[PDB]
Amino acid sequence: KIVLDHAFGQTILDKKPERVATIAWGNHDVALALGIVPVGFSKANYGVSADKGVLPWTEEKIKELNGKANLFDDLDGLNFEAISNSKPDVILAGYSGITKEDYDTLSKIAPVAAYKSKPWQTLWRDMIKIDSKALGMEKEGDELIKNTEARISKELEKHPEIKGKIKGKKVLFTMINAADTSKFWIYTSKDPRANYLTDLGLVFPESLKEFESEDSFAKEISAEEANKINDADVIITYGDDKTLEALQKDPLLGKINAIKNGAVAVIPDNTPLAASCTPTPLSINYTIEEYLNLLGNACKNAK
């Protein structure tokens, strides 16, 4: 008997689930990484064409398991009918943004593995621990974590010049709308994409604590208040070819130390690399070298 404790109470599984459905980001990759092809998982809403709806590392693993991708058409929100049609024995939502009502509705379909605290606030190691336990594979989950950690360490050790360059650099992950720079998003330390950076040797600036009290996974702040993040050595943001220059020319954002120094890592918007920034055991293997190279080049400019 599997007992799960999460934000909405307790989920009981009578035995290891035969059929596995997942929702939201990343969860399907934990299953796949453990050798399980989901009977259904959320269509990728970012990093790849909706026509395709599945990220390259996920696709690759599915093929390696001789399986096929069954996607829930749920770009606009949870598709309860589709989930129900997959006839699951468990629904992995260890990393997700489900509400009480969502949890109650899903639970009528099958036992739900929900997040521990607040929506979208599950780090990658915790994602594995929650999801792997719900699969009745807790031990395999621990092993998967150690193996993923070793993959990370291997890339860092293998490239000392990148490792030394980013080590101890104070970093913030942000989302900046090029069309409106009067405000932007900063991701909190409880967001997996912000926390992953610490696995790579970077650290959070002092100013991040100021967001410890934020209830959400990210906080939108005014450019008039951007001085707050002058303590970051390097800044990471989604964007494109024009992003850095537009930022450096911005009358308010251009004054920020890291931006002024050109210490900004621009992740190509809506690409696999962008999507990988919320890491999974599969995405890391696939993208870490590429990611480290972008991070290393940006940290080069930290003064």
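For every residue, the number given is its place in the sequence shown, counted from 1.
When the two stretches 290-298 and 9-17 are set side by side, the higher mean Cα temperature factor goes to 9-17. For the pair 235-243 and 22-30, the mean B factor over Cα atoms is greater in 235-243. Ranking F217, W185, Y95, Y103 by Cα temperature factor from the entry places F217 first.
Taking the PDB entry at face value, the top CA B factor among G141, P205, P119, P88 belongs to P205. In this PDB entry, the Cα temperature factor of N45 sits in the top third of its chain's modelled residues, the highest group. Per the PDB record, residue ranking by Cα B-factor puts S132 in the lowest third of the chain. For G168, the recorded CA B-factor ranks within the middle third of the chain. Only modelled residues enter the ranking.
In the deposited entry, the Cα temperature factor of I152 sits in the middle third of values across the chain's modelled residues. In this PDB entry, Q248 carries a Cα temperature factor that places it within the highest third of its chain's modelled residues.
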